[PDB]
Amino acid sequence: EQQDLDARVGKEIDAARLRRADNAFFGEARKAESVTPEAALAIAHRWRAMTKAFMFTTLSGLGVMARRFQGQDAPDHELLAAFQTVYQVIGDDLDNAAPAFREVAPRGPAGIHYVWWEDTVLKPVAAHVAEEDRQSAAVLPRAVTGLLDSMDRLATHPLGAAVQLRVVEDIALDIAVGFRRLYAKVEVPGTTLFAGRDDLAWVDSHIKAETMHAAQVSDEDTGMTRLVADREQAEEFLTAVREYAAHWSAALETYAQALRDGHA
């Protein structure tokens, strides 16, 4: 049953068209010749919101889990093992404790991943976009805010933090690769963006690290589904993964639209 719940979680991510071969954003990042700065800035504002919300809502869900263990006289060590994994994995976005992030990430609040992203990706591209097109890039499509509303719900769900890590850290690497590809084809005149040695340290360090995160969230012993105590919780976990993965897919497909449209 433990093994089956894993496999069925993976199938829900398949059906949501999140895998590397099925998602439009992964394709359009690979196939596009150039990327207008307006489009790249629109994706930067959307990712900034989605990854900020991801970090805080997951930490929130981690606290909801904490509040349940305190209601238990002696929580089972296997549930504590997965609890530790949530803390470690989410923490890297907050404190850069992994090897790939401790190297290059800024110190203090500027190393928080959404702050790091807006400082080294969003703003450098924003310098090449007219203010009128910057306000338009800031407007978040309702598929993005729809995902933000889902994260809000999972922020108070007893299994929410596990639903978010299991799904997100399973699509992280292909997102980081799409950014590596797309933010290098941004066509601005005279200057060439992101040509310097560590101009995209955010993206590169996430490529080196998110391989370790996918293993931890899916590890059969300290993985996220080991937070599922009984069968009724396995039903809920699957149901959350289904709706959550559906929101991520529709959110990422707006990135492909921005690339196709060349604007927000």
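Position 1 is the first residue in the sequence shown; the rest follow in order.
Annotation for 155-163 versus 90-98: the higher mean temperature factor (C-alpha) is found in 90-98. Of the two segments examined, 18-26 and 252-260, it is 18-26 that shows the higher average Cα temperature factor in the deposited entry. Out of 192, 150, 136, 72, the entry records its largest CA B-factor for 192. You'll see in the entry that, of 213, 52, 46, 67, the Cα B factor peaks at 213. In this PDB entry, the Cα temperature factor of residue 36 sits in the middle third of its chain's modelled residues. Annotation for residue 222: CA B-factor lies in the highest third of the chain's modelled residues.
Residue 205: CA B factor in the middle third of modelled residues in this chain (values from the PDB entry).
Among the modelled residues of its chain, residue 229 has a C-alpha B-factor that falls in the highest third, as given in the PDB entry.
Per the deposited record, the Cα B-factor of residue 112 falls in the lowest third when ranked against the other modelled residues of its chain.
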